[PDB]
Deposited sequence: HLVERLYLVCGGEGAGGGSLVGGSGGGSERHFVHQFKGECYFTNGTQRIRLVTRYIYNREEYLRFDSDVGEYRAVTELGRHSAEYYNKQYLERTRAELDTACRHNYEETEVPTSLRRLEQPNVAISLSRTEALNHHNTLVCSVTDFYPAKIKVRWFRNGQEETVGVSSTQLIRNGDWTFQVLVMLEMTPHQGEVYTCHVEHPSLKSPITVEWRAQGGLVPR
């Protein structure tokens, strides 16, 4: 049977190129550590770019972040305090255990690996992988390089895959073998690609 994703309730206050605009935002954030052993709930209310009001479960109540929210925090604590507290279980914990566990956290996308040449530099391209955790290693005739190794930051593609580029500072000699070596949760054993001078 279909399982329902739940949401954190936005509480309400009491009561164009050159045109002015006005913006408001609400952010409901669930922080999980070791599955659902530690949950932290943080909800934010923001006017334009100024967060003025926050619920943080480590605090236990709404607080004004700036002066704009001084009276907001007193209203929200009267009207939504214990509803928001309970959301830690009815929304964060439920969503992780019942909807992330069977989807987001079972997602495994294996990386693709290709070496190309740009003294000189080898570029190992590691692409289309999910989740983010990965290790990339360079070897030269069976021995691991550690000096001369640099990588780009992790690139988030937005489609639930990442990529990264890992570069090796190298001078090609002889008939050496350079190997790009990738370890990843989708892979029971590493993927390797060899490049020969």
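In this chain, the deposited residues that lack C-alpha positions fall in the ranges 16-25, 129-135, 215-221.
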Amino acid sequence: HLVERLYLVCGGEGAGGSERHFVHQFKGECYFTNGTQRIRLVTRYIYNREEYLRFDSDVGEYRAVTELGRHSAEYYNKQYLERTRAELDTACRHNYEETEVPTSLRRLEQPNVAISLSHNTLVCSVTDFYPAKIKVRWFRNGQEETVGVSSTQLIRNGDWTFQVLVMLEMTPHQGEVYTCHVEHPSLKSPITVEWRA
From here on, numbers count along this sequence of modelled residues.
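Superpose the two forms; the largest set of C-alphas matching within 1.5 Å is the rigid core.
Rigid core fits of the other structures in 6 other deposited structures of this protein place the C-alpha atoms of one stretch farther away on average; of 146-154 and 160-168, that stretch is 146-154. When the other compared entries with both flanking residues are checked, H119 is unmodelled in at least a third. Stretches compared: 43-51, 30-38. Higher mean C-alpha B-factor in the entry: 30-38. For the two regions 149-157 and 124-132, the entry's Cα B-factors average higher over 149-157. Per the deposited coordinates, the residue with the largest Cα temperature factor out of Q163, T66, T171, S57 is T171. When all modelled residues of the chain are sorted by CA temperature factor, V177 is found within the highest third. Compared with the other modelled residues of the chain, the Cα B-factor recorded for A197 ranks in the highest third. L2: CA B factor in the highest third of modelled residues in this chain (values from the PDB entry). In this PDB entry, the Cα temperature factor of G16 sits in the top third of its chain's modelled residues, the highest group. Per the deposited record, the Cα B-factor of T99 falls in the middle third when ranked against the other modelled residues of its chain.
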